[PDB]
Every structure is written in C-alpha cells, then in structure tokens.
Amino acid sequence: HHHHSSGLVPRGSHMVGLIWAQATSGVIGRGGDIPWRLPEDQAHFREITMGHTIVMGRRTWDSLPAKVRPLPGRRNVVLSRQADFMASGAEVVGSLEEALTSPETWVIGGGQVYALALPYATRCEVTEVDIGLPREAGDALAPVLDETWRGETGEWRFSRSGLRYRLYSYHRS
C-alpha cells in the first residue's frame, strides 16, 4: 500500500493523470463555464499538459471557444456516446478505454469524465481557488480522493487576479 512510484514514464506504459481547478466547495463549473480565470492556474495547466494527450468530455469540448479548440501542442481526444458528434481538429472516441492509448494522458474535465477516469489514474494535479462559491444543483463537481492517494499541499498563494489559490499534487501506485 505504500510503494514508491516514479515520475519517469516508460513509453510502453499508460500513465493517466487528472488535472482540475476547484473552489473549496468542490465546484469546478457552472452553466458550462469555469467561474474564474487565474493566470497562474492557466499557465500551470499548460505546463503540465503540453506535449501530451488531453482527454475531455464532450461538454467540456463544447465549452471551449470554437476559435481556441483544439488546444494546441497536445493531442485532443473528446469522449462522446453520440455516434454523430464530431469535433473538428480532434478525435472523438466512445470510451475511456479507447482514449487511453498514449503513454501519458491528462484528463482535463469535466465532472463526469473525472469520475470515470479516476479508477485508472495515478496522478492528480489540483488547484484550489479561495472563492466563495456554493454548490448548486447542476454544478459540475470535483472528484474526492480516498486514502489510496498520497499528496502534497502547497501554501496559500496570491493570484494577480486577486484571489488566493494553492496547488495540490497527489499520486498513487
């Protein structure tokens, strides 16, 4: 239960990580949008994901502005159960199993997909945003991590955007 894992990824393996930003309450989205824009979090998301495959749910793809998607520098994969859903510039697949063919994959949202992917994941990179944002019916929420996960929490930091935030890194075998 406490064996070490390495950060080096052999090319024959399939490392699955989750990356998300949440308010303390666990909200990650409402009404199809992320309710903040922190430049430190945006930079961090790129630094982690650049050069890898990114997997997202169909609703997260829908929420990206048409002009910015697919996100550059990364293989974009969108999960949909709809046989007629298409994503220009990206691959649409019908299962998580089909999406996880690369050696390093970052699941980048949203609520449903994080839940679905967790069982396969060995890394989570979390940004906590210190914004008063209550959970409302219909909100997209973050996954909750059990005791199989070990992690490190950074100190509270202060965004140029005027909100406090802090970074968590979690891993498991």
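When you see a residue number, it is the position in the sequence shown, counting from 1. We call the rigid core the largest set of C-alpha positions that still match within 1.5 Å between the two forms.
- In 9 other deposited structures of this protein, superposed by the rigid core, the C-alpha atoms of 22-30 lie farther from the shown form than the other of 22-30 and 115-123.
- When the mean C-alpha temperature factors of 15-23 and 159-167 are read from the deposited coordinates, 159-167 comes out higher.
- Here the stretch with the larger average CA B-factor, out of 49-57 and 63-71, is 63-71.
- The residue among 148, 105, 112, 127 whose C-alpha carries the highest B-factor in the deposited model is 148.
- Remark: of 44, 123, 135, 30, 135 shows the highest value [criterion: C-alpha B-factor in the PDB entry].
- Among the modelled residues of its chain, residue 80 has a C-alpha B-factor that falls in the middle third according to the deposited record.
- Residue 118: CA B factor in the lowest third of modelled residues in this chain (values from the PDB entry).
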